[PDB]
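Enquirer: Pasting a structure below so you can have a look.
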Amino acid sequence: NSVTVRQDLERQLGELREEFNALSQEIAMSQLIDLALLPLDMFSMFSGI
Amino acid sequence: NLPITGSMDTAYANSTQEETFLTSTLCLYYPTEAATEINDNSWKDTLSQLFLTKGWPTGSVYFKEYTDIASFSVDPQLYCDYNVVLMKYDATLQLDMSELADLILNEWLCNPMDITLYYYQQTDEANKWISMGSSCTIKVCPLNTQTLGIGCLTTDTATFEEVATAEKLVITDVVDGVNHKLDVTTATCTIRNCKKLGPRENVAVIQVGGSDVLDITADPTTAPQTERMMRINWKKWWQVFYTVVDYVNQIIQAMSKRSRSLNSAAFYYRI
Amino acid sequence: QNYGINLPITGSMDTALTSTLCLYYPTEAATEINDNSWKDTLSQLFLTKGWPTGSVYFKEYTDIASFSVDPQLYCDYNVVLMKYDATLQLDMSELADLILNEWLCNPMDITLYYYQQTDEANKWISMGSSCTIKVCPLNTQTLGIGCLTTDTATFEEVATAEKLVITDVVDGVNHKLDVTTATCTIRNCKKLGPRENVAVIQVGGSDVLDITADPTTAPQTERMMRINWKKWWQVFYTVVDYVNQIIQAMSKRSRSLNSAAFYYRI
Amino acid sequence: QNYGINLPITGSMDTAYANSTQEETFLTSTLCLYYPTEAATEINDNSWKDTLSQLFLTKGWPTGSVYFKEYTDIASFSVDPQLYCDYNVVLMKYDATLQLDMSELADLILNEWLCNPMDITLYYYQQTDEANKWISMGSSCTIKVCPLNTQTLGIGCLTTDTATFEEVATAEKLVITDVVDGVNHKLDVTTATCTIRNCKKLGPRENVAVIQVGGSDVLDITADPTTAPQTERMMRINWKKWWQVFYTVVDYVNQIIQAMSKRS
Amino acid sequence: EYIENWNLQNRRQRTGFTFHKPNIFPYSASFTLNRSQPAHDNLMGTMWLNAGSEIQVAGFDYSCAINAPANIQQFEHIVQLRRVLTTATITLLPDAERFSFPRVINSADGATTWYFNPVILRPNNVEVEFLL
Amino acid sequence: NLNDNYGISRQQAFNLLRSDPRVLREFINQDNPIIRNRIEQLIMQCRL
Ligand SMILES: *[C@@H]1O[C@H](CO)[C@@H](O)[C@H](O)[C@H]1NC(C)=O
Ligand SMILES: *[C@@H]1O[C@H](CO)[C@@H](O)[C@H](O)[C@H]1NC(C)=O
Ligand SMILES: [Ca+2]
Ligand SMILES: [Ca+2]
Ligand SMILES: [Ca+2]
Ligand SMILES: [Ca+2]
Ligand SMILES: [Ca+2]
Ligand SMILES: [Ca+2]
Ligand SMILES: [Ca+2]
Ligand SMILES: [Ca+2]
Ligand SMILES: [Ca+2]
Ligand SMILES: [Ca+2]
Ligand SMILES: [Ca+2]
Ligand SMILES: [Ca+2]
Ligand SMILES: [Cl-]
Ligand SMILES: [Zn+2]
Numbered sequence: 486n487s488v489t490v491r492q493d494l495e496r497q498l499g500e501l502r503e504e505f506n507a508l509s510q511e512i513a514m515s516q517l518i519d520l521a522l523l524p525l526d527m528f529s530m531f532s533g534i
Numbered sequence: 056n057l058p059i060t061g062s063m064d065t066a067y068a069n070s071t072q073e074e075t076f077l078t079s080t081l082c083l084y085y086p087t088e089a090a091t092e093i094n095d096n097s098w099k100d101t102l103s104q105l106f107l108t109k110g111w112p113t114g115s116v117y118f119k120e121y122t123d124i125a126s127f128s129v130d131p132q133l134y135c136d137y138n139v140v141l142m143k144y145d146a147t148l149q150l151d152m153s154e155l156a157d158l159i160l161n162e163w164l165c166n167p168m169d170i171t172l173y174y175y176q177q178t179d180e181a182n183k184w185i186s187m188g189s190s191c192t193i194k195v196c197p198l199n200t201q202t203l204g205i206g207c208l209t210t211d212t213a214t215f216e217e218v219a220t221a222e223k224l225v226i227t228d229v230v231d232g233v234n235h236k237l238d239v240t241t242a243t244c245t246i247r248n249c250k251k252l253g254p255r256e257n258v259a260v261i262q263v264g265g266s267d268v269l270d271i272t273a274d275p276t277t278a279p280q281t282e283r284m285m286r287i288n289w290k291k292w293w294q295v296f297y298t299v300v301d302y303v304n305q306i307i308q309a310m311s312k313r314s315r316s317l318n319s320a321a322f323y324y325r326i
Numbered sequence: 051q052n053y054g055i056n057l058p059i060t061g062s063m064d065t066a077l078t079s080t081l082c083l084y085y086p087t088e089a090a091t092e093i094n095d096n097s098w099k100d101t102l103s104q105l106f107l108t109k110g111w112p113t114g115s116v117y118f119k120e121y122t123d124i125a126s127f128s129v130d131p132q133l134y135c136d137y138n139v140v141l142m143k144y145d146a147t148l149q150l151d152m153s154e155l156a157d158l159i160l161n162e163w164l165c166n167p168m169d170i171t172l173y174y175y176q177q178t179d180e181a182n183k184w185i186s187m188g189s190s191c192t193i194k195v196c197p198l199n200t201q202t203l204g205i206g207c208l209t210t211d212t213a214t215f216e217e218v219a220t221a222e223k224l225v226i227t228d229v230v231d232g233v234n235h236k237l238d239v240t241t242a243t244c245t246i247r248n249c250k251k252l253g254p255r256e257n258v259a260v261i262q263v264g265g266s267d268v269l270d271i272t273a274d275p276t277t278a279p280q281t282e283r284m285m286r287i288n289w290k291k292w293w294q295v296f297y298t299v300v301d302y303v304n305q306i307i308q309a310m311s312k313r314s315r316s317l318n319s320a321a322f323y324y325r326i
Numbered sequence: 051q052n053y054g055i056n057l058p059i060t061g062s063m064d065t066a067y068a069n070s071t072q073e074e075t076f077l078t079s080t081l082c083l084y085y086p087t088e089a090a091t092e093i094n095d096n097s098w099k100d101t102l103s104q105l106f107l108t109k110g111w112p113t114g115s116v117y118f119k120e121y122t123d124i125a126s127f128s129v130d131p132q133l134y135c136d137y138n139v140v141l142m143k144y145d146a147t148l149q150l151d152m153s154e155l156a157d158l159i160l161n162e163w164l165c166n167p168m169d170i171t172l173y174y175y176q177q178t179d180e181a182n183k184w185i186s187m188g189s190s191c192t193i194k195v196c197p198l199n200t201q202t203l204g205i206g207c208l209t210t211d212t213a214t215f216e217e218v219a220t221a222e223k224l225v226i227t228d229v230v231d232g233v234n235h236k237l238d239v240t241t242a243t244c245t246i247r248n249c250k251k252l253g254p255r256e257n258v259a260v261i262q263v264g265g266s267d268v269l270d271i272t273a274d275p276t277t278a279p280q281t282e283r284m285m286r287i288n289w290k291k292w293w294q295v296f297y298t299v300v301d302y303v304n305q306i307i308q309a310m311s312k313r314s
Numbered sequence: 134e135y136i137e138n139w140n141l142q143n144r145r146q147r148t149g150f151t152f153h154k155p156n157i158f159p160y161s162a163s164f165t166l167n168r169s170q171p172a173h174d175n176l177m178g179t180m181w182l183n184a185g186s187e188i189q190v191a192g193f194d195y196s197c198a199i200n201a202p203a204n205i206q207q208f209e210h211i212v213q214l215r216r217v218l219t220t221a222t223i224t225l226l227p228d229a230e231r232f233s234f235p236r237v238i239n240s241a242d243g244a245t246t247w248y249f250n251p252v253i254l255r256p257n258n259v260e261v262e263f264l265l
Numbered sequence: 729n730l731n732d733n734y735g736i737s738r739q740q741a742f743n744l745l746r747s748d749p750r751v752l753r754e755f756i757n758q759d760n761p762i763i764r765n766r767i768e769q770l771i772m773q774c775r776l
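Chains as they are written, first to last, in the deposited numbering: chain F, 486 to 534; chain X, 56 to 326; chain G, 51 to 66, 77 to 326; chain E, 51 to 314; chain P, 134 to 265; chain D, 729 to 776.
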């Protein structure tokens, strides 16, 4: 019982694009290609979040 | 729009200043106090003859009067091919004049904002809300994903955040990516969602007196003075008009043809 | 670090607690807002820009004069919203001079010792409830010029009821100092360089700040912004929306251990 | 060297820099400080000029070179300002209501002018080019102008009826008038209390610097609206006591001088 | 060498001339504006000099690719040699000093002039391809 | 560029043409500048 809890604002998408593009340089190529052969299904992709 | 390949060895063409003066129109916008202080019914013809000495054919120069900055800001219609706005400086109206400059020194692509039924947000830094009218009192209520308001209740406008009161023109910039509920007096105001595309090159603003205070960009980190923002100290309006006439070539040099293909409805004074 | 400070950094041209934000605003701003929950709204709006919940902090100061009394810089990034008053120009400049730069200050005992300013980076910064700095330059024989070392009424006054004042006297000259030591304190400060983690946004007015005592230069750095305003809500909205640009002008690598505006050495 | 526009001077890009000449120029030059009467009023000391001279001596200037000239205010100072030192510094108090006048004063003392007399009673006058202006100085300078067409008849004015003329100055102490070039004008000025001169702006006056005390960048020493240059001889400071202003001027005198070039 | 090649040509054999700094590129200092306006304040394009054995090219964006799709602006220069060069040794360097200082450049039709105020950034994803 | 500067095997060319991951990883782990540069460009094109 209380005034309904407010779900706070998350992030404007431009900031997110900046952040993901900045993460893009942290990727290892051998390991990336090794990941790029595992058939990521729904379970596989949404279990590690 | 096609690629334009040019040679760096090409020869400069002769001065086109006379041709553009002959085939274009000039509009001068001045406050009513200018005509009051001048106190002469034939001053338009005197300035026209002086411009003719400068090269402009008779009738190409058009003189338009506005009561004051606040009144001029209500849908400023700029007619001629080249527009020069003589804006008197008032230390109390630094934002308002700036807003006016921001409205007329830039190209804006605007669409209607039907606030009473729709929820609006700003997508990027180029997006603003331009509201114009006799009295624009805008209150804003930021919202969240659950549609609730932040420090505001969508059902109680009294809690909406006040961003403008009794404004003839106001450019509202809010946080991007956030939906807001808007409450503005639609009877005496009209609010439009606008994107600034780029500079409007055929409009120059001459600030008569004061200091450089115009800020035509909402970004706090930039306060650029383009070549179309002039500033002249003054004590007599006749001197102001004489210096405008004498340096007309310099003023037009700082200006370029509009170049934009519009969709709006505005009359023009063209030759 | 210190053992590798005096070492080169070679780079190739062909190669290709989290941060906290403090907002210093005048109390009249909060009065104009008239809302008792505006801080939460601004915190969430900042969180839209990527600042976690408990990162942004809002610090209120009564006015420019009061804020200048030993200012404290708390967060990683310090954006100071300073209202412009044509009658307080110098004071504003002084605050900026004390806030946008790093200083190294030593105690000054004016009663027992004369003092001189060695170079252009040396100033005398005094702060407190009210300062009244009176200066008597001396000569090689230690006799006052246009002043009497015994008679303090002949001293030349350079400050009157100042909450903060940065005094610049002629270098290489000894000065006898009369300061209201009871109500304020003076220190011999050296300007080290820019303080990159503090930005100053002047709300309204024109560009009048002068953070350098030299008359030949009045540099407007990227950390000195100016905005026209009518409603404080618009001011805070433009501060929030362009927080990216504001932080870009700053560097997080100037936050000392303590919040003081000057390093202090005995 | 002098002003060698007439003849070429050839120099190598390898000639070793000579030592600093700051001490030599300080020894062999004079310095004038122009300050308003308010500065003297706030500085109640009767020997403050002597103290400033001593402080300058601590900075190198000999004890016969620093001079202090007092003017009542900008409007009065603007009446034929005479600057006779090798280096001239004008502490100019800022008032928002006199901006143009300030600018005019600066425009007159920060630039070199070649002036000729004017007989508004005898001849019509026109301004040949952008550098040509009409500088009027005196106790009260009221200037009215009537432009003329190619037939010598006035435009929006009657040459005989001065009341119909267009007013460009009223009760001014100094005013720079800029009219449309190539147009003859019938002028009407108060020759009793005003002298008007036909002047050409040759270029900057490099031995005169203006330190604007308080305010903002409002000086416009160019008639052209599109340009408002801030030269390195146009300084601005913030102030609350005049003693601090004078101490700042004394301490950074080397920087002020290097921003200026000696008298030719 | 020249008489040897003359005899080979007469016999209709393969000829060959060695050139140090061959004069293969006709002089041409030109530019192309892929984005332009009458005021020439937001320009995107590339300017080049092909002189003798030298090709300097410089791609410029006035907006610094802020509004570009991936914040990347792609520049391309194709130079067609009038004869086939073989066994060529070339030096490639990542900056064009010729187009690295401010200048005033006539417009394509000579109607006006625009201003160029370069600030040099390293070229990205450089690819030089020699085609036959 | 590979097959010129790096004379690649018949099997390696067969695999590279058909995007066989085995040859791609063997070349990447080999620190082959050409294929690593290509793959870095492909990764950098992954931009929101
Ligand atoms: C351009 O000006 C020159 C020199 O004034 C003149 O000879 C020429 O006829 C003019 N017109 C053209 C098209 O060159
Ligand atoms: C110039 O400076 C140098 C080095 O300080 C000194 O040795 C020399 O005597 C000075 N004077 C001249 C005329 O070179
Ligand atoms: Ca307004
Ligand atoms: Ca509220
Ligand atoms: Ca926005
Ligand atoms: Ca701005
Ligand atoms: Ca103070
Ligand atoms: Ca005294
Ligand atoms: Ca000092
Ligand atoms: Ca300064
Ligand atoms: Ca005047
Ligand atoms: Ca008349
Ligand atoms: Ca003129
Ligand atoms: Ca000007
Ligand atoms: Cl060679
Ligand atoms: Zn062009």
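By construction, the Cβ of each residue, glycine as well, lies at the ideal position given by its N, Cα and C atoms.
Using the rule of at least 16 other Cβ atoms within 10 Å of the residue's Cβ for burial, across every protein chain shown, is residue 599/F buried or exposed?
Expert: Since the first and last residues shown for chain F are 486 and 534, residue 599/F lies out of range.
Enquirer: Could you check whether the Cβ of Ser153/X sits closer than 8 Å to any Cβ belonging to chain G?
Expert: Sequence index remark: in the second sequence, residue 153/X carries index 98 (1-based). Yes, contact with chain G.
Enquirer: So, for residue 335/E: in the same chain, excluding its five sequence neighbours on each side, which residues have a beta-carbon less than 7 Å away from its beta-carbon?
Expert: No statement about residue 335/E is possible, as the shown extent of chain E runs from 51 to 314 and does not include it.
Enquirer: Distance cutoff 8 Å, beta carbons only. Does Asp238/E sit that close to anything in chain X?
Expert: Residue 238/E sits at position 188 when you count from the first residue of the fourth sequence. No, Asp238/E lies away from the interface with chain X (no Cβ there is under 8 Å from its Cβ).
Enquirer: List in chain order the residues whose CB is within less than 5 Å of at least one heavy atom of ligand 9.
Expert: Here the residues close to ligand 9, judged by CB distance below 5 Å to any of its heavy atoms, are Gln177/G, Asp228/G, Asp231/G, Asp301/E in chain order.
Enquirer: Just to confirm, is the Cβ distance from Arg255/G to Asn161/G under 8 Å?
Expert: As a first step, residue 255/G is located in the third sequence; it is residue number 195 there, counting from the start. As a first step, residue 161/G is located in the third sequence; it is residue number 101 there, counting from the start. The answer is yes: Cβ separation under 8 Å.
Enquirer: Which residue from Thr171/X, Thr220/X, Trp98/X, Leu150/X puts its Cα closest to that of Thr210/X?
Expert: As a working mapping, residue 210/X is identified with position 155 in the second sequence. Selected option, being the one with the closest Cα: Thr171/X.
Enquirer: Below 7 Å CB to CB, which residues in the same chain sit around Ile253/P once its five sequence neighbours on both sides are set aside?
Expert: In the fifth sequence, residue 253/P corresponds to position 120, counting from 1. Excluding residues up to 5 positions away in sequence, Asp228, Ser233 lie with their Cβ nearer than 7 Å to the Cβ of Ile253/P in the same chain.
Enquirer: At a threshold of 7 Å, does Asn234/X count as lining ligand 5 (C-beta to nearest heavy atom)?
Expert: Here residue 234/X is taken as the residue at index 179 of the second sequence, counted from 1. Checking every heavy atom of ligand 5 against the Cβ of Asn234/X, none is found closer than 7 Å.
Enquirer: Measure from the C-beta of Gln497/F to each C-beta in chain G and report whether the shortest distance is under 8 Å.
Expert: By 1-based counting over the first sequence, the position of residue 497/F is 12. Yes, its Cβ sits closer than 8 Å to a Cβ of chain G.
Enquirer: From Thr246/P, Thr220/P, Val261/P, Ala244/P, pick the residue whose C-alpha is nearest to that of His153/P; which is it?
Expert: Counting from 1 along the fifth sequence, the entry for residue 153/P is found at position 20. Between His153/P and the set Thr246/P, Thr220/P, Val261/P, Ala244/P, the nearest pair of CA atoms involves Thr220/P.
Enquirer: Could you check if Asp136/X is buried or exposed, using at least 16 other CB atoms within 10 Å of its CB as the buried criterion?
Expert: One-based indexing of the second sequence puts residue 136/X at position 81. The residue is buried, with at least 16 neighbouring Cβ atoms inside 10 Å.
Enquirer: By the DSSP assignment, the beta strand (DSSP E) with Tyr84/E in it spans what residues?
Expert: As a first step, residue 84/E is located in the fourth sequence; it is residue number 34 there, counting from the start. 81-86 is the extent of the beta strand (DSSP E) around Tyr84/E.
Enquirer: Would the beta-carbon of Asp95/G be found less than 7 Å away from any heavy atom of ligand 4?
Expert: Within the third sequence, numbered from 1, the residue matching residue 95/G stands at position 35. Flag set: Cβ of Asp95/G near ligand 4.
Enquirer: Taking Cβ-Cβ distances shorter than 8 Å, what residues in chain G pair up with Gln201/X?
Expert: Taking the second sequence and counting its residues from 1, the one referred to as residue 201/X is at position 146. Those within 8 Å of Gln201/X in chain G number zero; the least Cβ separation is about 12 Å.
Enquirer: Examine ligand 3 and report whether any of its heavy atoms sits within less than 7 Å of the Cβ of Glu503/F.
Expert: Numbered from its first residue, the first sequence carries residue 503/F at position 18. Taking 7 Å as the cut-off, one finds no heavy atom of ligand 3 near enough to the beta carbon of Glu503/F.
Enquirer: Closest to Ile326/G by C-alpha separation, out of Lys143/G, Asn304/G, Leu164/G, would be which residue?
Expert: If you number the third sequence from 1, residue 326/G lands on position 266. Measuring from the Cα of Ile326/G, the nearest candidate turns out to be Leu164/G.
Enquirer: Between the alpha carbons of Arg147/P and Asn140/P, how many angstroms are there, rounded?
Expert: One-based indexing of the fifth sequence puts residue 147/P at position 14. One-based indexing of the fifth sequence puts residue 140/P at position 7. The straight-line gap from Cα to Cα measures roughly 10 Å.
Enquirer: Report all residues from its chain with a CB closer than 8 Å to the CB of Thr80/X; omit the five preceding and five following residues, and keep chain order.
Expert: Counting from 1 along the second sequence, the entry for residue 80/X is found at position 25. Cβ within range, chain order: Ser115, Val116, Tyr117, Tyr134, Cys135, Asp136, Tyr137, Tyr324, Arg325, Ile326.
Enquirer: Am I right that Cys244/G and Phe322/G are in contact with their C-beta atoms under 8 Å? What's the rounded C-beta distance?
Expert: Translated into the one-based positions of the third sequence, residue 244/G becomes position 184. Translated into the one-based positions of the third sequence, residue 322/G becomes position 262. Contact between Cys244/G and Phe322/G is ruled out by a C-beta separation of about 15 Å, above the 8 Å threshold.
Enquirer: Could you give the first and the last residue of the continuous beta strand (DSSP E) run that contains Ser233/P?
Expert: Indexing the fifth sequence from 1 puts residue 233/P at position 100. The continuous stretches of beta strand (DSSP E) do not include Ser233/P, and DSSP gives it neither H nor E.
Enquirer: Any heavy atom of ligand 3 closer than 7 Å to the beta-carbon of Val225/X?
Expert: Your numbering for residue 225/X matches position 170 in the second sequence. Yes.
Enquirer: Can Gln262/G and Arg286/G be called in contact, C-beta distance under 8 Å?
Expert: Numbered from its first residue, the third sequence carries residue 262/G at position 202. Numbered from its first residue, the third sequence carries residue 286/G at position 226. Their beta carbons are under 8 Å apart, which means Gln262/G touches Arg286/G by this criterion.
Enquirer: Please identify the residue among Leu57/E, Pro86/E, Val140/E whose C-alpha is closest to the C-alpha of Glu120/E.
Expert: The sequence position of residue 120/E within the fourth sequence is 70, counting from 1. The shortest C-alpha separation from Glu120/E is found at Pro86/E.
Enquirer: Any beta-carbon of chain P closer than 8 Å to the one on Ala66/G?
Expert: Along the third sequence, read from residue 1 onward, the residue named residue 66/G stands at position 16. Yes, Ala66/G counts as interfacial toward chain P.
Enquirer: Can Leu158/X be considered in contact with ligand 3, in the sense that its beta carbon sits closer than 7 Å to one or more heavy atoms?
Expert: Indexing the second sequence from 1 puts residue 158/X at position 103. Remark: the C-beta of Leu158/X is outside contact range of ligand 3, defined as less than 7 Å to any heavy atom.
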